[PDB]
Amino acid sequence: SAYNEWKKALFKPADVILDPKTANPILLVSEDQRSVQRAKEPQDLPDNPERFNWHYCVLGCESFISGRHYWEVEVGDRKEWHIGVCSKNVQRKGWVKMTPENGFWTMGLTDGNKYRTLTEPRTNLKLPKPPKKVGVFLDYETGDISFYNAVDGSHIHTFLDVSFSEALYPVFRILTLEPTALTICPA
C-alpha cells in the first residue's frame, strides 16, 4: 500500500516505549514497555510529579519538539481506548478535561462503537470500518496531528494547523477492564 511504502519516507518512525513513572496507578505497563492494561484496583505506587493521578493515562518516554514522526498502535478488538499526543506541561494531578485547549490532541473509541475526538464538546467520527491498528502522525512544523487506519491507509481524523510550542508526548488512555490490551507496534 502507499501508506506502508511512504510512511517512513515522510515521517521518522518513533520507537515509542511507555514510561511507567507517568502511568496512573490503575494501569499496568508490560515488561517490554509496549503495552498497557488496566488493573481491577489501583496498585500501590508513589505519587511522583510525573504520574497522572486522576486520568487513566500513560506517556511515552520521549517527547518531540520538532520534525515529522509516527507510530502505530494495535487497538485490536478493544471496546474503549483513546490515543494521540499531549503537551509536556499538561495538568497531571486532578482533573481538567482532555481537550486541545488543555493540551491534549487525542481521539478514540468508547462503548464499543462510538468513535470520537476528545474536543470540547466531543465530536463523533463516522468510520467506514472499525480500525484494528491506528497510525498516529505528527508534523510539528505544520501543526498537524493525523490518525489513519494502519491496515488500509484510510483517514480517521486530523487536528489541523495547531500552533505547538511545548514538547509533545505520545499519550494513551484506557478506562475499561477488558481482555485485550493496548499495544504499541515496535519501529
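So that the term is clear: the rigid core is the largest set of C-alpha atoms that superpose within 1.5 Å between two forms. Quick note: we count residues from 1 along the sequence shown, nothing fancier.
Taken in 5 other deposited structures of this protein and fitted on the core, 55-63 and 155-163 differ in how far their Cα atoms move from the shown form, and the one that moves more is 155-163. Higher mean CA temperature factor between 159-167 and 14-22: 159-167, per the PDB entry. Between 178-186 and 2-10, it is 2-10 that carries the larger average Cα temperature factor according to the deposited entry. Per the deposited coordinates, the residue with the largest Cα temperature factor out of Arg68, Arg51, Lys126, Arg38 is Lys126. Looking only at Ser63, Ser30, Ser146, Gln43, the residue with the top Cα B factor in the deposited structure is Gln43. Sort the modelled residues of the chain by CA B factor and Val151 lands in the highest third. Among the modelled residues of the chain, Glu101 sits in the highest third by CA temperature factor in this PDB entry.
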